[PDB]
Each structure stands twice: as C-alpha cells, then as structure tokens.
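The structure appears right after this line, and notes come after that.
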Amino acid sequence: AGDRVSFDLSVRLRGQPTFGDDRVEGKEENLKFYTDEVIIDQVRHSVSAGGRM
Amino acid sequence: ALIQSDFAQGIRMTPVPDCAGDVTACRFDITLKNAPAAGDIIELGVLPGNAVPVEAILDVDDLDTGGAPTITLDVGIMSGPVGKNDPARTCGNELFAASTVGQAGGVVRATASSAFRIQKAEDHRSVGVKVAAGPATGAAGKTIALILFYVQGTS
C-alpha cells in the first residue's frame, strides 16, 4: 500500500585529492544523493452501448 | 648569534598532529642566560613538516628595564635545517613585524596579515625570533616564549 515511489541517484564524488605526505584523515568525502518521486492515480473511462430502442 | 632552545636541539620533541586540519600547540620557550642584544637569532622552536601557523601567541617577561625602551622582537621562519649551529641563517618578519612585546612584558597575538599566509614545506622549518633593535638595558634571565597553533594537511 503506497501512493508514491521514490528512487535515488548517487552522483560521483568530486573532491580534490591530497597530494604528497599530508594527512588525509578528517578531510573525508560526503556522498551526495538525489531523489525523485512518482505519484500514482486512477485513470478511468466509460462507454454507453445504451438505449433499448 | 644563535641562542638555541631545547626544541631546536631536539631534546624536547615537538608535537605533530595526526588528523588533518587538527590544531596542535606546544609553547616554545627559552631561559635567556644572558641579556639579549641586537642580532641574536633566537631559535625559539620548530614548525613540523607539513604545517602552517593558524595563530601565534607571543608572551615575554619584561625584557627591558629602561625608560622609553626600544627592544623589539621579530618572529619568522628561518632558512636552513633545524639544529644547524651556523651563523649564516636568516630570520623572518612573517609572524610578527617589529612587535613591542618586550617593552612592558605583555602578551600580543598574531596581528599581521602575513602571519596566516605562510605556505607549506616538506622539511622541518625552524621558527626563530630576532631582536631588531637592541634594548637600552638588557635583562639577565627573563624568558621569551612563543605558542604556535599549526595544522597539518591543509590544502
């Protein structure tokens, strides 16, 4: 049971690396995500093969 | 003349951070045996391999006991390797420029724009104070002490 569906995209990490013998601990990359949502609804229609005459 | 501190010789090992961007600080101090006079390149302490000063706090005892004292301390980076007892070593005016800490024994912090712009190096550079102007009446056994706030791994 659910009215929406959300699905994620994980883009590349794009930080500058550490050159030489400089310490790297603490300058840690943060993964970035993006989200999109899909909303469901009903789509109905009707036809009248109507009349008895 | 070179008046070498404990850290410059290497008897006291200076602290170095491990995490990048961490701030470390050990107070670099000496006990002046004689009275300071112009030309003394006091090698107060050492800045480790990959580090840049972020804040420098210079405190001294009253280093001049004369009316209108003229003693001034210049703090900077020095050229050659640490611990080399060669008079052919020059100081710098980066951390402090003609500061007047020693006139009244106060405490001042890094107030020069060039202090925090020091670029990295790969080898251990030595931070040494030079008395640009000789005191009117030098003091016998007062102490000059720096405090460096340096960070490793800056970009």
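Simple scheme: letters A, B, ... for chains in structure tokens order, numbers from 1 for residues in each chain, numbers from 1 for ligands in the order shown.
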Residue neighbourhood residue 113 in chain B, 10 Å, only C-alpha atoms, exclusion window fewer than 3 positions, as a ChimeraX atom specification: /B:94-96,110,116-117
Interface residues on chain A facing chain B, 10 Å, only C-alpha atoms, written as a list in words: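 Listing them in order of chain and number gives residues 16, 17, 18, 19, 20, 21, 22, 23, 24, 25, 26, 27 and 28 of chain A.
Remark: for residue 72 in chain B, the closest of the candidate residues B:6, B:86, B:55, B:40 is B:40 (distances computed over only C-alpha atoms).
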Near-residue 60 in chain B list (9 Å; only C-alpha atoms; drop same-chain fewer than 3 positions) as a ChimeraX atom specification: /B:63,101-102,104-107,142-146
Coordinates-based distance that separates CA of residue 43 in chain B from CA of residue 15 in chain B (Å, one decimal):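 So the two atoms, CA of residue 15 in chain B and CA of residue 43 in chain B, lie 16.8 Å apart.
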Residue list (strand (DSSP E or B), DSSP) for chain A, as a list in words: residues 4, 5, 6, 7, 8, 9, 10, 33, 34, 35, 36, 37, 38 and 39 of chain A
Å distance separating CA of residue 27 in chain B from CA of residue 89 in chain B, one decimal place: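 These atoms are spaced 22.7 Å apart.
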Nearby residues (only C-alpha atoms) at most 10 Å from residue 11 in chain A, same-chain spacing under 4 positions excluded, as a list in words: residues 31, 32, 33 and 34 of chain A
Go ahead and dump the residues you just picked, C-alpha atoms, as a JSON list (two decimals), in the first residue's frame.
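Output file part21.json follows:
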[["chain", "number", "residue", "atom", "x", "y", "z"],
["A", 31, "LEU", "CA", 28.47, 11.12, -0.67],
["A", 32, "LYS", "CA", 25.66, 13.08, -2.33],
["A", 33, "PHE", "CA", 22.31, 11.63, -3.41],
["A", 34, "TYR", "CA", 19.34, 12.90, -5.40]]
Å distance separating CA of residue 139 in chain B from CA of residue 62 in chain B, one decimal place: 7.8 Å
Contacts of residue 93 in chain B at 6 Å (only C-alpha atoms; same-chain gap of 2+ positions) as a PyMOL selection string: chain B and resi 74-76+96-97
Surrounding residues of residue 6 in chain A excluding itself and chain neighbours under 6 positions, 12 Å, only C-alpha atoms, as a list in words: residues 34, 35, 36, 37, 38, 39 and 40 of chain A
